[PDB]
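S.K.:
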Amino acid sequence: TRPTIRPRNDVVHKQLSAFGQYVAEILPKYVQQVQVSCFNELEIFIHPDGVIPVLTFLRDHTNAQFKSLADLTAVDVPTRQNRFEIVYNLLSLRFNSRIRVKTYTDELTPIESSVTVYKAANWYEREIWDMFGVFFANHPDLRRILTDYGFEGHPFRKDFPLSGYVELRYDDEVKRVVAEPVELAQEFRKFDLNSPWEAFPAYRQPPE
Amino acid sequence: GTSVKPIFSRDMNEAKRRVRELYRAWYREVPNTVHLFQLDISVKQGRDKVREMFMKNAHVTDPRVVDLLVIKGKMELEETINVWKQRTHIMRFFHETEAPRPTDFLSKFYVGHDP
Amino acid sequence: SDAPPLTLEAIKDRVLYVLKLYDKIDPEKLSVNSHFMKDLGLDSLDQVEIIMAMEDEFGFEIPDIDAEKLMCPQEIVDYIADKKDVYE
Amino acid sequence: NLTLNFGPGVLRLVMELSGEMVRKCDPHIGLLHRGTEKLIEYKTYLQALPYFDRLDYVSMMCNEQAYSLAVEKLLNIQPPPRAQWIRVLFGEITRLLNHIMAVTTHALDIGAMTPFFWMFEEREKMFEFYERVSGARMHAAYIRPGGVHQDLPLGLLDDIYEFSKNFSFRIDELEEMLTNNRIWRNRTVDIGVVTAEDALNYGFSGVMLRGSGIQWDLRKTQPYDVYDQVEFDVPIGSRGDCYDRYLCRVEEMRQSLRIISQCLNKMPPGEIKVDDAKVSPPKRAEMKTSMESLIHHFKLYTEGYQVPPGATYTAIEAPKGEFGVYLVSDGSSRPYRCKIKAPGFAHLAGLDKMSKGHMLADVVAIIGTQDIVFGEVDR
Amino acid sequence: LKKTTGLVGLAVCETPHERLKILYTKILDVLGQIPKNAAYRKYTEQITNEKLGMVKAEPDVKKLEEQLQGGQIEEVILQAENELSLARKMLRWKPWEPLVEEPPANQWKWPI
Ligand SMILES: CCCCCCCCCCCC(=O)SCCNC(=O)CCNC(=O)[C@H](O)C(C)(C)COP(=O)(O)O
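Residue numbers (the deposited numbering), protein chains in the order written: chain P, 43 to 250; chain E, 14 to 128; chain G, 69 to 156; chain Q, 79 to 86, 93 to 463; chain H, 5 to 116.
If you want it as structure tokens, here you go:
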């Protein structure tokens, strides 16, 4: 491992693995998986019903005190029965550590709002609802935050087209801005960049 | 089988009741929207547009979809009442600038290749 | 308090007049015992609109729970009288 | 109790006021939502790099650095030492630029408007530094996931030294105009007071933490590049109001000067991008003489490098707070998902609680002390 | 005694040893109702007994702050109250029970 390769830290790896097993032992009702990545990032995969308990634990336990919510977001994977995965990034200042909590939902299953655990979640949840269509139960005021008023659809979904469905212009007959079906003078050029000849043998999937 | 978590309604009747409440609220609001935005439409055609937008989704037989639609309609009503929309947003429901599209087979044959 | 008391004859006249002004029910077909669904060909939304017309004609509010069972003008008159405490 | 709609960088604000006091203040955003995160999924990693220039467009190279660090972590490579030193030097220059903009815009909105010109002359000089190193004044695209694009020109360090040795007097003139002024103090003291626990729970970061007395700074607790090789102090507030945050920002300007001096003296020799042609493009002469170099140039500029599958959350101490990226790779040359975490998002979400029981004229001060740019808030 | 802990909104506590003892005894009392086999009960009991012995074996405040590894005894008290609230809520939640249900077959499979 000469100067072009990123150095690795075994002590942090061991510490994060130990804390992951600790968390899993404490909350076996909700934890389904624990992982530590090769660049020393710990993630915990939980059942959706445990969003409020688990987070509360990680915020209030003396051995965790993850008091900061760094980020809350969603990822859309159409091939899964539960389309959306919800990712919470937490920072602990007492122990100078970071953790990630993942759960899942589909287009019709509500997720509990975590504003009672972290005040920062409020706008984040709004953003998720705006961009993916995930509903959060018991949210103080859930509504659109990024899209235009009356905008239809959720643009961060994979099946949503890049340029959308409508475009805006000014019309002098009705003397106002109007929305019309989108027409592009130059269509966006789709590129097929992926090569054959797989790059990484370590991630090869079984040929099933 | 196929047990699922509710959003708001346990069955179809509760969803229908929520739909009726939302429709009542929109019907009450329409004249205020017409006056306050200084629109050029009548109250009658505003309420007709509300009815049409409700009837567009009349084929749904799933309570979760129905009350998600009700949540979205309540969001739209809140946007309208608080005058967060402009006149352009309100007028977008009517497509007064879009050219009429013929549903006839011959006309679509004449204009282009689109079925 | 010298105003004349309200009577079921006046209640029926007012309810029938609001029915007449409703543009989807022609006067020649409606009766006090006519039924909104089959006798007049109306769905739930026209019934709701008629209920709101009653609400702003009789100057009070009608909860949705008991507004969904009024299906003929006669029982609408009955409900108005019951909430109004009249004798005749 | 009336309602006011202060609409059209650009912000819409819907507030209820009873008399002069602010009872409720709801910001409406999205007027600069460009759909950056969806657009990034249609680009290679190199093609996606220039969007981070436009995210927070007062601190360009810092966003560049955060994105580059995330991609480097996913690629399991490391930049050469000289690239790291150049990155930290230009990150501190960018911190100076951002802090000048924040403080002088705050003062201009309050009504001072002279230090704006006084310090925008210095801002123009640092724009000259940007242009000499990259060819562009602000949207530089200089810091890449393999290091930096190009080495410094032969006389740049001397001019950076000449500039940095006179900047403390400009800061001193700023403080003479603002620090002890009774009107400025009356506009800033005890305005927008936030407690430490509320700041932690509301997701605040950076100065919005340190003004309340929280001893936290990502360059000290979770150092990246060569930061652990430079010494500096972290200014800490005591009352958690606008005045303490202004003092903290001025002190961070001074500490940035200190770090820049250290960076100038310990700049090492060597290459400036990783010596791995499957990630960093070869030199032009090598491209024009060697077969492997031509092939790797062609493939890197058409397909791009593949990143092994996985997800990272990488955060840096940007001049406005913790700036983060959640980057998800599916194994191809295009990112599967890129979520951008901007501190101004949480700060603007906390604006409502920060402005409780204040005057209408105090909301402007709170907005200025939050250091909001809507490019990063809306994305 | 000191003044101005340094965090806005965190008041200085006079007589923090008695407050710490009361909070730790309340935490142990609440933990007593949790099943013995629960990992949360045994782990938190270990931590709380360690801290209680630490505060019972040290009259000095600065040396206690150095020994407790928390620093600023006021935020130690704040963390003790947070632990008490979590203990009550976790008694209500009962998360020592087995997993509610398994995820679908390929819910966490990445890539694709
Ligand atoms: C001025 C511009 C105004 C804009 C208008 C905004 C419109 C808001 C969007 C509408 C919200 C929805 O889709 S609400 C979702 C609609 N609800 C359903 O589809 C349930 C199943 N269908 C039925 O129950 C009947 O067909 C039905 C006719 C609906 C009821 O009449 P009856 O029970 O008697 O039979």
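C-beta: ideal position from N, C-alpha, C; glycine also.
Between P:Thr121, P:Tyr130, P:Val117, P:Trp165, which lies nearest to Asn110 (chain H) when the distance is taken from Cα to Cα?
M.R.: Comparing Cα-Cα distances from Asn110 (chain H) to each of P:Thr121, P:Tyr130, P:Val117, P:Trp165, the minimum goes to P:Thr121.
S.K.: Between the alpha carbons of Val314 (chain Q) and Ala167 (chain Q), how many angstroms are there, rounded?
M.R.: Rounded to whole angstroms, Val314 (chain Q) to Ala167 (chain Q) spans 15 Å at the Cα level.
S.K.: For the region 88-115 of chain H, enumerate the residues whose C-beta is nearer than 8 Å to any C-beta of chain P, in chain order.
M.R.: Taking 8 Å as the Cβ-Cβ cut-off against chain P, the residues of the region 88-115 of chain H that qualify are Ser89, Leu90, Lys93, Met94, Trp97, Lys98, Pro99, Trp100, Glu101, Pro102, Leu103, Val104, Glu105, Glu106, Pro107, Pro108, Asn110, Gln111, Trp112, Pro115.
S.K.: I'd like to know if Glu117 (chain G) contacts chain E, where contact means its C-beta is closer than 8 Å to some C-beta of that chain.
M.R.: True, the Cβ-Cβ gap to chain E drops below 8 Å.
S.K.: How is the alpha helix (DSSP H) around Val32 (chain E) delimited, first residue to last?
M.R.: Segment 25-49, the alpha helix (DSSP H) holding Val32 (chain E).
S.K.: Using a threshold of 7 Å, is the CB atom of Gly86 (chain E) nearer than that to any non-hydrogen atom of ligand 1?
M.R.: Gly86 (chain E): yes, Cβ under 7 Å from ligand 1.
S.K.: Taking the beta carbon of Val17 (chain E) as the centre, do at least 16 other beta carbons fall within 10 Å, making it buried, or is it exposed?
M.R.: The residue is exposed, with fewer than 16 neighbouring Cβ atoms inside 10 Å.
S.K.: Mind listing the chain E neighbours of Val216 (chain P)? Cutoff is C-beta to C-beta under 8 Å, in chain order.
M.R.: By Cβ distance, chain E contributes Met104, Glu109, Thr110.
S.K.: Can you grab the Cα-Cα spacing for the pair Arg199 (chain P) / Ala116 (chain P), in whole Å?
M.R.: Those two C-alpha atoms are separated by around 10 Å.
S.K.: Given 7 Å as the limit, tell me if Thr46 (chain E) has its C-beta closer than that to any heavy atom belonging to ligand 1.
M.R.: Yes - ligand 1 has a heavy atom lying nearer than 7 Å to the Cβ of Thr46 (chain E).
S.K.: When the distance is taken between beta carbons, is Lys425 (chain Q) closer than 8 Å to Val412 (chain Q)?
M.R.: Against a cut-off of 8 Å, the Cβ pair of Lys425 (chain Q) and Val412 (chain Q) comes out as no contact.
S.K.: How long is the line joining the alpha carbons of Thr453 (chain Q) and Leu5 (chain H), rounded to whole angstroms?
M.R.: So the two alpha carbons sit approximately 34 Å from each other.
S.K.: Could you list which residues in chain E have their beta carbon closer than 8 Å to that of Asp213 (chain P), in chain order?
M.R.: Chain E residues near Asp213 (chain P): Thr110.
S.K.: Since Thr48 (chain H) contacts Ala91 (chain H) with CB under 8 Å, what's their CB separation in whole angstroms?
M.R.: Indeed they touch by this definition, with Cβ atoms about 7 Å apart.
S.K.: Are three or more beta carbon pairs between the region 90-99 of chain P and the region 148-161 of chain P nearer than 8 Å?
M.R.: Touching, per the Cβ criterion.
S.K.: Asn285 (chain Q) and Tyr160 (chain P) - do their beta-carbons sit closer together than 8 Å?
M.R.: Contact: yes.
S.K.: What is the C-beta distance between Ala150 (chain Q) and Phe407 (chain Q), in whole angstroms, given that I count them as a contact (C-beta under 8 Å)?
M.R.: About 5 Å separates the two Cβ atoms, so the contact holds.
S.K.: I'd like to know if the region 74-93 of chain H and the region 97-104 of chain P are in contact, where contact means that at least 3 CB-CB pairs between them fall below 8 Å.
M.R.: Yes, the region 74-93 of chain H touches the region 97-104 of chain P.
S.K.: Just mark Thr93 (chain E) as buried or exposed, buried being the case when its beta carbon has 16 or more other beta carbons within 10 Å.
M.R.: Classification for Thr93 (chain E): buried.
S.K.: Taking its Cβ as the centre, do 16 or more other Cβ atoms sit within 10 Å of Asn45 (chain E), making it buried, or is it exposed?
M.R.: With fewer than 16 other Cβ atoms within 10 Å, it is exposed.
S.K.: For a contact defined as C-beta to C-beta under 8 Å, what are the partners of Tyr160 (chain P) on chain E?
M.R.: Within 8 Å Cβ-Cβ: nothing; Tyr160 (chain P) doesn't reach chain E, min ~23 Å.
S.K.: Can you give me, in chain order, the residues of the region 267-290 of chain Q that have a beta carbon less than 9 Å from any beta carbon in chain H?
M.R.: Under the 9 Å Cβ criterion, the region 267-290 of chain Q contributes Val277, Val278, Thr279, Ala280, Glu281, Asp282, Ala283.
S.K.: Would you say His233 (chain Q) and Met144 (chain Q) are within 8 Å of each other, going by their C-beta atoms?
M.R.: No, the pair does not count as a contact, with Cβ atoms beyond the cut-off.
S.K.: Taking 7 Å as the cut-off, is the CB of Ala244 (chain P) close to at least one heavy atom of ligand 1?
M.R.: Flag unset: Cβ of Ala244 (chain P) not near ligand 1.
S.K.: DSSP state of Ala71 (chain E), grouped into three classes?
M.R.: Coil at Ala71 (chain E), not helix or strand.
S.K.: Closer than 8 Å, CB to CB, is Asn86 (chain H) near chain P or not?
M.R.: True, the Cβ-Cβ gap to chain P drops below 8 Å.
S.K.: Listing by chain order, which chain H residues have their CB less than 9 Å from the CB of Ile153 (chain P)?
M.R.: Going along chain H, no residue has its Cβ under 9 Å from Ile153 (chain P), so there is no contact; the nearest lies around 15 Å.
S.K.: What would DSSP say about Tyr72 (chain P), mapped onto helix, strand or coil?
M.R.: Note: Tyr72 (chain P) maps to coil in three-state DSSP.
S.K.: Which residue comes first and which comes last in the alpha helix (DSSP H) that contains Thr98 (chain P)?
M.R.: Looking at the DSSP string, the run of the alpha helix (DSSP H) that includes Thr98 (chain P) is 93-102.
S.K.: Could you please tell me which residues of the region 221-242 of chain P, in chain order, have their CB closer than 9 Å to any CB of chain Q?
M.R.: Taking 9 Å as the Cβ-Cβ cut-off against chain Q, the residues of the region 221-242 of chain P that qualify are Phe230, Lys232, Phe233, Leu235, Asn236, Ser237, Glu240, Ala241, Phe242.
S.K.: What does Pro197 (chain P) touch in chain Q if you count any residue whose Cβ is under 7 Å from its own?
M.R.: Those are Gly119, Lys122, listed as they occur along chain Q.
S.K.: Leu76 (chain G) and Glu156 (chain G): beta carbons closer than 8 Å?
M.R.: Their beta carbons are under 8 Å apart, which means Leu76 (chain G) touches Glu156 (chain G) by this criterion.
S.K.: For chain H, find out if any of its Cβ atoms is closer than 8 Å to the Cβ of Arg323 (chain Q); answer yes or no.
M.R.: Yes, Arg323 (chain Q) lies at the interface with chain H (some Cβ there is under 8 Å from its Cβ).
S.K.: Going by DSSP, which residues form a beta bridge with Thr145 (chain P)?
M.R.: Beta-bridge pairing links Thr145 (chain P) to P:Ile128.
S.K.: Tell me, to the nearest whole angstrom, how far the beta carbon of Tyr245 (chain P) is from that of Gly415 (chain Q); I am working on the premise that it is less than 8 Å.
M.R.: Between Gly415 (chain Q) and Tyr245 (chain P) the Cβ distance is about 6 Å, and since that is below 8 Å, they are a contact.
S.K.: Is there at least one Cβ from chain P nearer than 8 Å to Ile81 (chain H)'s Cβ?
M.R.: Chain P, which has no Cβ nearer than 8 Å to the Cβ of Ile81 (chain H), makes this no.
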